[PDB]
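Remarks on the structure that follows.
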Amino acid sequence: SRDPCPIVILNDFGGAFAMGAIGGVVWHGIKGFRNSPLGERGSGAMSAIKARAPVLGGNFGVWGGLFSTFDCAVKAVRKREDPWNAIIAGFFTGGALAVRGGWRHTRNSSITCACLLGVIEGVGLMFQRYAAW
Amino acid sequence: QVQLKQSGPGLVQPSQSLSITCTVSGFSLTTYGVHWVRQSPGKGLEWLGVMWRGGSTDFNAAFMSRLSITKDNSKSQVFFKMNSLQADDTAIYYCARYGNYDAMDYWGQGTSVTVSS
Amino acid sequence: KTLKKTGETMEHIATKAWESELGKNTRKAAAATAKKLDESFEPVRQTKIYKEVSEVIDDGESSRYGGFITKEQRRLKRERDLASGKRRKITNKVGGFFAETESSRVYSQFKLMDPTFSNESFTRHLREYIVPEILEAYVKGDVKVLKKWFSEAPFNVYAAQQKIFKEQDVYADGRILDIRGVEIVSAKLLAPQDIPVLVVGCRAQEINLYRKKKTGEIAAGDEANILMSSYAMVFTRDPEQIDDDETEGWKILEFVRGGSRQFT
Amino acid sequence: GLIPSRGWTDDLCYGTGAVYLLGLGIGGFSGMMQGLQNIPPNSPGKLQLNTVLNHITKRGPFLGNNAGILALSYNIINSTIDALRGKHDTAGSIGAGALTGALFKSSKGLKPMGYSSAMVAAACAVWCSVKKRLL
Amino acid sequence: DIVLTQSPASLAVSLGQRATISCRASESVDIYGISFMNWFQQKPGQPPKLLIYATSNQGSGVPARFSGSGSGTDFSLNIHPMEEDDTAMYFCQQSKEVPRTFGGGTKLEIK
Ligand SMILES: CCCCCCCCCCCCCCCCCCCC(=O)O[C@H](COC(=O)CCCCCCCCCCCCCC)COP(=O)(O)OCCN
Numbered sequence: 001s002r003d004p005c006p007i008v009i010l011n012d013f014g015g016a017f018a019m020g021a022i023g024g025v026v027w028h029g030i031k032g033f034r035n036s037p038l039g040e041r042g043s044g045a046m047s048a049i050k051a052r053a054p055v056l057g058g059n060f061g062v063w064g065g066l067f068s069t070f071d072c073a074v075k076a077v078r079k080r081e082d083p084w085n086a087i088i089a090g091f092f093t094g095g096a097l098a099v100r101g102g103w104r105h106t107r108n109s110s111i112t113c114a115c116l117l118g119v120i121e122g123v124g125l126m127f128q129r130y131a132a133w
Numbered sequence: 001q002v003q004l005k006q007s008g009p010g011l012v013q014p015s016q017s018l019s020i021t022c023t024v025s026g027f028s029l030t031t032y033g034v035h036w037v038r039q040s041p042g043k044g045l046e047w048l049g050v051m052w053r054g055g056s057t058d059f060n061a062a063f064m065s066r067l068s069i070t071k072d073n074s075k076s077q078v079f080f081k082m083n084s085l086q087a088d089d090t091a092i093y094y095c096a097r098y099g100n101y102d103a104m105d106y107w108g109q110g111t112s113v114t115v116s117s
Numbered sequence: 001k002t003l004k005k006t007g008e009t010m011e012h013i014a015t016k017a018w019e020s021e022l023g024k025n026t027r028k029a030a031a032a033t034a035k036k037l038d039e040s041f042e043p044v045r046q047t048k049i050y051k052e053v054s055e056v057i058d059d060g061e062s063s064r065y066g067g068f069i070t071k072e073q074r075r076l077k078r079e080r081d082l083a084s085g086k087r088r089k090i091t092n093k094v095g096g097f098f099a100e101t102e103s104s105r106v107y108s109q110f111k112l113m114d115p116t117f118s119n120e121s122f123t124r125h126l127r128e129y130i131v132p133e134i135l136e137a138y139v140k141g142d143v144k145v146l147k148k149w150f151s152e153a154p155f156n157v158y159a160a161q162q163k164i165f166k167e168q169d170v171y172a173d174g175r176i177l178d179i180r181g182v183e184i185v186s187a188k189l190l191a192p193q194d195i196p197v198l199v200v201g202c203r204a205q206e207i208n209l210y211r212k213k214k215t216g217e218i219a220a221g222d223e224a225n226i227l228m229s230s231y232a233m234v235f236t237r238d239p240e241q242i243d244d245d246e247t248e249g250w251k252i253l254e255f256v257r258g259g260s261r262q263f264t
Numbered sequence: 001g002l003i004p005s006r007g008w009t010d011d012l013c014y015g016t017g018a019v020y021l022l023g024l025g026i027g028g029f030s031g032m033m034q035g036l037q038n039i040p041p042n043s044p045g046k047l048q049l050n051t052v053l054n055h056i057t058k059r060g061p062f063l064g065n066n067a068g069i070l071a072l073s074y075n076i077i078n079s080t081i082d083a084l085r086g087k088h089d090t091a092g093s094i095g096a097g098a099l100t101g102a103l104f105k106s107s108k109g110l111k112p113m114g115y116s117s118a119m120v121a122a123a124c125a126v127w128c129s130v131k132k133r134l135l
Numbered sequence: 001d002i003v004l005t006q007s008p009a010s011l012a013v014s015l016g017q018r019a020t021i022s023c024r025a026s027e028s029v030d031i032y033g034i035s036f037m038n039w040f041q042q043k044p045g046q047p048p049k050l051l052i053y054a055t056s057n058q059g060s061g062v063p064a065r066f067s068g069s070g071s072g073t074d075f076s077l078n079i080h081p082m083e084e085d086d087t088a089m090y091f092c093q094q095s096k097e098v099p100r101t102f103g104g105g106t107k108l109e110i111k
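Residue numbers (the working numbering), protein chains in the order written: chain A, 1 to 133; chain B, 1 to 117; chain C, 1 to 264; chain D, 1 to 135; chain E, 1 to 111.
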């Protein structure tokens with residue numbers, strides 16, 4: 001199933017980077033196609049991909065790579081497998097990446113991400129409950 | 001290419017209505033607008049109304065009570081109408097698509113309208 | 001006051017360590033080796049291979065990620081380039097993808113004006129020259145620069161604000177510390193004349209403060225209060241005065257500052 | 001050994017994330033050294049910290065995102081030219097590197113091809129030697 | 001709205017020479033410093049043809065011999081060199097404000 005916890009961090013840093021870079025190729029290839037002039041829609045999609053796909057890979061890569069690091073930090077400390085591991089992990093990763101914006105933006109981004117992971121965890125829990133029936 | 005084609009009646013009876021349909025092709029009415037311009041021989045080119053690029057209309061103040069310009073995006077048609085025509089309304093009616101800087105770049109062939117009996 | 005008091009202890013501890021005889025000597029020794037390390041590798045940098053290899057790894061594309069280009073290094077770089085360098089139903093839905101749009105009308109017009117224009121080419125020019133030149137003038141109250149770039153509508157708003165400051169005898173001396181996110185947000189047609197404009201956004205770090213003209217003490221803001229403001233610019237190009245040396249046609253129709261938040 | 005390599009996506013994900021973190025750490029450290037030399041004199045503590053962080057968070061993402069795209073394209077190309085070739089060797093990895101560097105600088109010209117394709121192939125050569133030595 | 005007075009009402013010049021047609025807007029037709037003065041050409045049996053837009057920009061496919069100048073309230077159209085083909089009726093059209101208004105027209109001929 002899942003690889004060892006102190007080593008999946010590389011697989012989540014690179015698996016999220018691949019999700020953002022490919023996700024930023026379709027997003028910015030389409031966005032760059034719509035924008036550019038009539039005779040340069042294919043050059044404007046290549047230019048938009050090259051400029052913005054790496055950036056989205058890093059944005060995804062560090063969020064999905066820090067969330068995995070804090071997930072192993074919580075798991076190796078809390079020593080359980082409850083779905084509050086991803087709640088606390090999502091709490092610290094949203095406030096770590098928003099640390100330059102002050103101690104009020106860090107708090108708001110921590111609460112936002114923890115609540116955001118609450119909805120995701122809740123949807124999964126409700127999904128299996130319906131599937132049980 | 002871009003092409004505006006009009007289908008209206010000549011020889012309109014006095015105090016009757018005039019209806020030109022400007023079937024456009026090569027462009028979509030959602031991204032472009034169509035001015036409606038008239039050219040009398042004794043009064044020269046004059047602007048009647050417009051179907052703005054967004055889809056709202058605006059008319060000349062001297063004709064606003066008579067004009068009615070409506071479009072239909074799906075059929076690529078713009079409809080023009082005047083409620084009442086007198087002898088001074090005999091002219092040639094053009095639909096002119098406008099582009100950047102309101103440049104009436106493409107024009108319809110013109111509908112030579114006569115108002116008599 | 002726990003955070004503020006701890007910050008003072010942390011700042012003082014670093015200040016004591018930085019000013020410590022052992023710490024200062026270690027920093028000087030480390031700095032001295034840095035000068036020697038650069039000097040030792042200095043002949044390598046002079047090699048033609050290093051210029052090409054550095055132009056492959058960096059190429060100057062790292063400017064997308066931030067940085068402020070100082071006014072002197074901004075004018076020299078510009079004049080250098082200008083001297084040598086710059087001198088069924090699914091098929092129907094697929095057909096609508098390739099159809100002309102308001103964004104395509106705007107971008108095609110600016111391509112008519114300059115055959116070299118593209119979103120990538122202008123975003124590079126915005127990021128390296130235009131946005132830093134305008135933001136730096138905006139925070140420092142440089143109306144000579146903003147007269148060229150701003151239209152009569154956004155400049156008259158600016159020069160009316162600069163008249164309020166002159167009434168209270170303060171002058172703006174701000175700073176730009178980092179500019180990020182320089183992008184063409186949108187390309188719209190200003191109705192009802194269909195004036196093609198580019199909406200440009202950015203996020204600049206900046207220190208906003210005003211000093212009394214007579215004395216020079218603080219009159220607003222703080223000398224260390226960094227703000228992460230967002231700027232919206234509306235750009236259009238004039239077909240005349242496209243041979244202008246500074247603006248080369250480009251003009252700012254709207255300039256809005258918003259979304260200012262603290263940063264560090 | 002380490003780095004589970006059961007599939008081709010685990011190669012594509014462990015490799016992209018190990019080189020992304022090498023770009024971040026190297027780029028961040030290279031920026032931090034640069035940001036300590038660009039501190040204006042007589043600046044307060046909040047600006048000196050801001051000055052260094054601005055260089056860390058510009059060279060960090062720049063080399064991290066550039067090393068991650070090269071590790072994506074390499075792993076996609078390496079896996080692709082393993083399937084057609086039917087096996088993996090050091091030569092197949094080197095060819096996946098030089099071809100990755102060429103596609104990296106497609107728009108830059110032909111002189112950038114050689115420099116880029118030589119560096120990426122050399123980096124794969126170092127990786128292929130480190131891979132054999134560690135395993 | 002804006003009354004575009006166009007002079008001269010008629011003009012006759014020989015082939016290869018420069019023919020200048022003037023327009024004089026009652027008000028200023030500038031928005032954001034761009035003067036919205038379009039120039040049109042009309043052969044007797046055809047719709048008007050856009051020559052110049054935004055006071056200087058050639059229409060799509062318009063020959064380079066048609067030059068638009070002027071700003072503020074005084075504008076000009078220069079045909080140089082003038083060919084035998086471009087004898088027609090020339091109009092100036094302001095696109096600043098509604099209603100759009102056209103000039104009186106200038107009949108341009110051959111000597
Ligand atoms: C502007 C760029 C600046 C970049 C600065 C940082 C560069 C870092 C260079 C690091 C060099 C050593 C790489 C260590 C990688 C460790 C990977 C551990 C996990 C792992 O085994 O993933 C492998 C992929 O590695 C790999 O994919 C690594 C090889 C590819 C590296 C390409 C990117 C580095 C380019 C450096 C030169 C830059 C030139 C810029 C023009 C799997 O693969 P496998 O071989 O087991 O597969 C077999 C068939 N599935």
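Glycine included, each C-beta is placed from N, C-alpha and C at the ideal position.
Self-check item: Residue range of the unbroken beta strand (DSSP E) whose run includes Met19 of chain A
Solution: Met19 of chain A -> not in any beta strand (DSSP E); alpha helix (DSSP H) instead, spanning 5–35.
Quiz item: Going along the chain, which residues of the segment 58–73 of chain D sit with their C-beta nearer than 8 Å to a C-beta in chain A?
Solution: With the criterion set as a beta carbon lying under 8 Å from some beta carbon of chain A, the members of the segment 58–73 of chain D are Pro61, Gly64, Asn65, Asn66, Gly68, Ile69, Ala71, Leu72, in sequence order.
Quiz item: Identify the residues that DSSP records as bridge partners of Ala96 of chain B: which are they?
Solution: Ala96 of chain B is bridged to B:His35, B:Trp107.
Self-check item: chain C contact residues for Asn73 of chain B, given Cβ-Cβ distances below 7 Å
Solution: The CB of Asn73 of chain B never comes closer than 7 Å to any CB in chain C; the least such distance is about 12 Å.
Practice problem: Buried or exposed for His28 of chain A, please, with buried defined as at least 16 other CB atoms from any protein chain shown within 10 angstroms of its CB. | Solution: By the neighbour-count rule (16 or more Cβ atoms within 10 Å), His28 of chain A is buried.
Practice problem: Please confirm whether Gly54 of chain B and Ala191 of chain C have their CB atoms less than 8 Å apart. | Solution: By the CB criterion at 8 Å, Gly54 of chain B and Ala191 of chain C fall inside the cutoff.
Practice problem: Please classify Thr51 of chain D: does DSSP put it in a helix, a strand, or coil? | Solution: Three-state DSSP puts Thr51 of chain D in a helix.
Quiz item: What is the rounded straight-line gap between the Cα of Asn92 of chain C and the Cα of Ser25 of chain B?
Solution: Their backbone Cα atoms lie some 16 Å apart in a straight line.
Exercise. Taking only the alpha-carbon atoms, compute the straight-line gap between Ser109 of chain A and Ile69 of chain D and give it to the nearest angstrom.
Key: Rounded to the nearest angstrom, the two C-alpha atoms are 28 Å apart.
Practice problem: Tell me whether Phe59 of chain B sits in a helix, a strand or coil according to DSSP, three-state version. | Solution: Looking at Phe59 of chain B - three-state DSSP - the assignment turns out to be strand.
Practice problem: Give the residues from the segment 95–121 of chain D that approach chain C closer than 8 Å (Cβ to any Cβ), ordered along the chain. | Solution: Under the 8 Å Cβ criterion, the segment 95–121 of chain D contributes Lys105, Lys108, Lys111, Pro112, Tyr115, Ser116, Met119.
Quiz item: Within 7 Å: the Cβ of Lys131 of chain D and any heavy atom of ligand 1?
Solution: Yes, ligand 1 has a heavy atom inside 7 Å of this Cβ.
Quiz item: How many angstroms separate the CA atom of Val62 of chain A from the CA atom of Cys124 of chain D?
Solution: One C-alpha to the other measures close to 24 Å.
Self-check item: Alpha-carbon spacing of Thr51 of chain D relative to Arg105 of chain C, whole angstroms
Solution: If I take the Cα positions, the gap works out to 42 Å.
Quiz item: Would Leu2 of chain D count as contacting chain A if we go by Cβ distances under 8 Å?
Solution: Answer yes: the Cβ-Cβ gap between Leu2 of chain D and chain A drops below 8 Å somewhere.
Practice problem: Tell me whether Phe127 of chain A is buried or exposed, calling it buried when 16 or more other Cβ atoms sit within 10 Å of its Cβ. | Solution: Burial call: exposed.
Practice problem: Taking only beta carbons into account, state which residues of the segment 40–57 of chain A come closer than 7 Å to chain D, listed in chain order. | Solution: Along the segment 40–57 of chain A, going in chain order, the ones with a CB nearer than 7 Å to a CB of chain D are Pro54, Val55, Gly57.
Quiz item: Which residues in chain A sit within 9 Å of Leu12 of chain D, going by Cβ to Cβ distance?
Solution: Neighbours of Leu12 of chain D on chain A, chain order: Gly14, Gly15, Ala18.
Quiz item: Is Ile88 of chain A close to chain D, meaning its C-beta is less than 8 Å from at least one C-beta of that chain?
Solution: So no, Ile88 of chain A is outside the interface.
Quiz item: Do you know offhand how far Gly39 of chain A's Cα is from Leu198 of chain C's?
Solution: The straight-line gap from Cα to Cα measures roughly 19 Å.
Quiz item: Just reading off the alpha helix (DSSP H) that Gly181 of chain C is part of, what are its end residues?
Solution: That residue, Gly181 of chain C, is in no alpha helix (DSSP H); its beta strand (DSSP E) goes 175–190.
Exercise. Return no unless some Cβ of chain C is closer than 8 Å to the Cβ of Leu47 of chain D.
Key: At least one chain C Cβ lies under 8 Å of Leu47 of chain D.
Quiz item: Hey, is the segment 146–166 of chain C in contact with the segment 174–188 of chain C, meaning 3+ C-beta pairs nearer than 8 Å?
Solution: Short answer: they don't touch.
Practice problem: Measure from the alpha carbon of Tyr158 of chain C to the alpha carbon of each residue in C:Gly141, C:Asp169, C:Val170, then state which is nearest. | Solution: Comparing C-alpha distances from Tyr158 of chain C to each of C:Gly141, C:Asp169, C:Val170 shows the shortest one belongs to C:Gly141.
Practice problem: Would you mind working out which of A:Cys5, A:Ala132, A:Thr106, A:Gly122 sits nearest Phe263 of chain C, comparing C-alpha positions? | Solution: When C-alpha distances from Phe263 of chain C are compared across A:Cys5, A:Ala132, A:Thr106, A:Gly122, the shortest belongs to A:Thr106.
Practice problem: Just confirm the distance between the C-beta atoms of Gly118 of chain A and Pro61 of chain D, as a whole number of angstroms; I'd bet it's less than 8 Å. | Solution: Contact doesn't hold; Cβ gap of about 29 Å is too wide.
Practice problem: Determine the closest residue to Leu4 of chain B out of B:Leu48, B:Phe27, B:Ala87, with distance taken between C-alpha atoms. | Solution: The option with the nearest alpha carbon to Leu4 of chain B is B:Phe27.
Quiz item: Can you find a C-beta in chain C that's less than 8 Å from the C-beta of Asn59 of chain A?
Solution: It does not; no Cβ of chain C falls within 8 Å.
Quiz prompt | Within 8 Å, strictly: CB atoms of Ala131 of chain A and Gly64 of chain A | solution = No Cβ-Cβ contact shorter than 8 Å links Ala131 of chain A with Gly64 of chain A.
Quiz item: From B:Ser7, B:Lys71, B:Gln86, B:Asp102, pick the residue whose C-alpha is nearest to that of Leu29 of chain B; which is it?
Solution: Checked all of B:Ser7, B:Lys71, B:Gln86, B:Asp102; the closest Cα to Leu29 of chain B is B:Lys71.
Quiz prompt | Interface partners of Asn119 of chain C on chain A, CB under 8 Å | solution = Those within 8 Å of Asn119 of chain C in chain A are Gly32, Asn35, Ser36, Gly44, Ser47, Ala48.
Quiz item: In this structure, does DSSP put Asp74 of chain E in helix, strand or coil?
Solution: Of the three classes helix, strand and coil, the one that applies to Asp74 of chain E here is strand, per DSSP.
Practice problem: Please indicate yes or no: does the CB of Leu116 of chain A lie closer than 7 Å to some heavy atom of ligand 1? | Solution: Every heavy atom of ligand 1 is 7 Å or more from the Cβ of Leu116 of chain A, so no.
Quiz item: How about the segment 24–31 of chain E and the segment 82–100 of chain E: do they share at least three Cβ pairs that are nearer than 8 Å?
Solution: The segment 82–100 of chain E and the segment 24–31 of chain E touch, with three or more beta-carbon pairs separated by less than 8 Å.
Exercise. Over the uninterrupted beta strand (DSSP E) stretch that includes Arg24 of chain E, give me the two end residues.
Key: Note, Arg24 of chain E: beta strand (DSSP E), 19–24.
Exercise. Can you pull the chain C residues whose beta carbon is under 7 Å from the beta carbon of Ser28 of chain B, in chain order?
Key: One finds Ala99 in chain C with Cβ atoms closer than 7 Å to the Cβ of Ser28 of chain B, taken in chain order.
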